Amino acid sequence: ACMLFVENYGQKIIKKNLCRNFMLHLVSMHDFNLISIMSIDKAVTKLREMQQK
Amino acid sequence: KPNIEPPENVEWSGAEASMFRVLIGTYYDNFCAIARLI
């Protein structure tokens, strides 16, 4: 699901410039179990690739 | 006691400090990925 987020809402979050809030949400979700540190890194890297494009 | 090298003078925004605190609570002592995310 997290990956799907950056596959659909990554551009919208980047335009809104809420990438830090998205990372904070990922951290909270990981603290609530589900996802993982590797998942957080993968999602952030996918988000970064959107900005570079 | 160790790491006698003086720290580089780089300033941190309040958002940077708070998010560093959160990421330290998450990743603990893995400063590499913590810095990569910041």
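As presented, residues are numbered from 1 along each chain according to the written sequence, a scheme that may differ from that of the entry, and residues lacking coordinates are left out. Here chains are named by letter from A upward and ligands by number from 1 upward, in the order in which they appear as written. For these chains, which sit within a larger assembly, all listed values pertain solely to the part presented. Working from all heavy atoms in the structure, the side-chain values ignore hydrogens and water. Residues with missing side-chain atoms are left out of burial classes, side-chain pairs and their counts.

- Its PDB record attributes the structure to cryo-EM, giving the resolution as 3.4 Å.

## Considering the overall build of chain A
Okay, so step 1: Helix and strand counts for chain A stand at four helices and zero strands.
Okay, so step 2: The helix count covers DSSP runs of H or I at least four residues long, the strand count covers runs of E at least two residues long, and both are numbered beginning at the N terminus. Secondary structure elements in chain A, listed N-terminal to C-terminal, are α-α-α-α.
Okay, so step 3: What you see for chain A is a C-alpha radius of gyration of 10 Å, in line with the 10 Å of a compact globule of 53 residues.
Okay, so step 4: Counting only C-alpha atoms, chain A reaches 30 × 15 × 15 Å along its principal axes. Computation of the radius of gyration draws on C-alpha atoms, with the globule rule given as 2.2 Å multiplied by the number of residues to the power 0.38.

## Quick word on the interface of chain B and chain A
Okay, so step 1: Whether two residues touch is decided by their heavy atoms; if any such pair falls within 4.5 Å, the residues are in contact. Tallying the contact residues gives eight residues for chain B and eight residues for chain A.
Okay, so step 2: Broken down by secondary-structure element, the contributors of at least two residues to the side of chain B that touches chain A are α1 (14–27) and α2 (31–37) of chain B.
Okay, so step 3: Among the elements that take part in the side of chain B that touches chain A, α1(B) stands out by supplying five residues, more than any other.
Okay, so step 4: Looking at the side of chain B that touches chain A residue by residue, the classes come out as six nonpolar, one polar and one charged. Amino acids are sorted into nonpolar (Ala, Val, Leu, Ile, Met, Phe, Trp, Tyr, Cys and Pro), charged (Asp, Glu, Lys and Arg) and polar (every other residue, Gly among them).

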